[PDB]
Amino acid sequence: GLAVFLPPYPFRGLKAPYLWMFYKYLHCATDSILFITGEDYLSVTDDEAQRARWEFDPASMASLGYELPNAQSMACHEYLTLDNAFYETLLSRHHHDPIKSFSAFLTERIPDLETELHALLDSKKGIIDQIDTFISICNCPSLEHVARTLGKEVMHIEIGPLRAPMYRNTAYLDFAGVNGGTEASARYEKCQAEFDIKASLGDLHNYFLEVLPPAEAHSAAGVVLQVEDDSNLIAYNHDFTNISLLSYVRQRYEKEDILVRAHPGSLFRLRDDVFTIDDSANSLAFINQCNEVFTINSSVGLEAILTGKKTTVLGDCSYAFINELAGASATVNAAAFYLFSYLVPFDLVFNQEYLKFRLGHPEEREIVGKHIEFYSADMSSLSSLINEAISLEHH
């Protein structure tokens, strides 16, 4: 079965931080799952003091495709709960900086957490044998060390950079790292010579578009801001922040030529009069107003690259290698590989059979074939598969 790691540590100030993925795995479960999580994930549903969070919003349940679980649903799974007291110990070991504690969680081993993971997995005979893989929503060297000792793989799984409603929902599935330390570039490198994609970047973008474009845009410099305590801005950012990203652009452009777009999930917005503030209904309308795009490691950086905009990417992320190729032809091929083979149809990362498939580490051809089958469920070599999928969308 699956061992899904959903840590309860409230680094950013919210209990059950990964509640949406908990709900999605529960909803899609074909088999009994092993959850390694916190007490808070089980009780949050009967806690009216936070019934207003976004995971209970019907639009959120519709866009992500889950239902709130019930006793029947939950009852057929096993739960290992981490203890809240080690959290306070960890905070006190980092000057009580919860965000610096997050960073350490994401990027360093925590021997005490290893030891508690080992005891939880040991607490019931047979648990370890039934584990076919770990699944983790974030990098976590504590868990990766435990997994090595036990001979288990760790799938790092997250929502992807293309998301509804603008796009088909995508997910990350990476055996090395999600967002930071990813294997997307290394998987492409072993395939770069087995590529001949007869489509432009626009076509790749069009394939995932679920909406009509805004179209027909100007502002020399677009600045993408991110959520300030996103793991992306905590560990994978090369020390850049929204404020230093903004200064970086001002080293290059006069204020009149800068268009700034705050992240809609952020607790902060821009002061209304100093730079021009973007008011677009979506990040695609925002980048269409822009000649150049500047980001640390936002999902929007990928959007800009696919629509052909000169993009500056200051942080580490899964898609950066596409931007670092020099040839236009290589850039198209890399983007196609990223979109059709690295990225996963969102629902499939919660599908047990699909996960078993990937655990066998099959050929790139097979992975692309499975993804296109999903994408096409209502409408050969690797190149041949993607060219036909695109062609079928064309008419």
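Numbering starts at 1 and runs along the sequence shown.
Per the record, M379 and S380 are separated by 4 to 9 deposited residues that are missing from the model.
Per the record, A217 and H218 are separated by a gap of 1 to 3 residues from the deposited sequence that were not modelled. Per-stretch averaging of Cα B factors for 178-186 and 287-295 places 287-295 on top. Stretches 303-311 and 67-75 differ in mean C-alpha B factor, with the higher average recorded for 67-75.
Of the candidates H156, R109, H118, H95, it is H95 whose Cα B-factor is highest according to the PDB record. Highest CA B-factor among the listed residues (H263, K100, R271, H238): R271. The PDB entry assigns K255 a C-alpha temperature factor belonging to the highest third of its chain's modelled residues. The entry lists a Cα temperature factor for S43 that places it in the highest third of the chain's modelled residues. Looking at the C-alpha B-factors along this chain, the one for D203 belongs to the lowest third.
Ranked against the other modelled residues of its chain, the C-alpha B-factor of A336 as given in the entry falls in the lowest third. In the PDB entry, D278 places in the middle third of its chain by CA B-factor.
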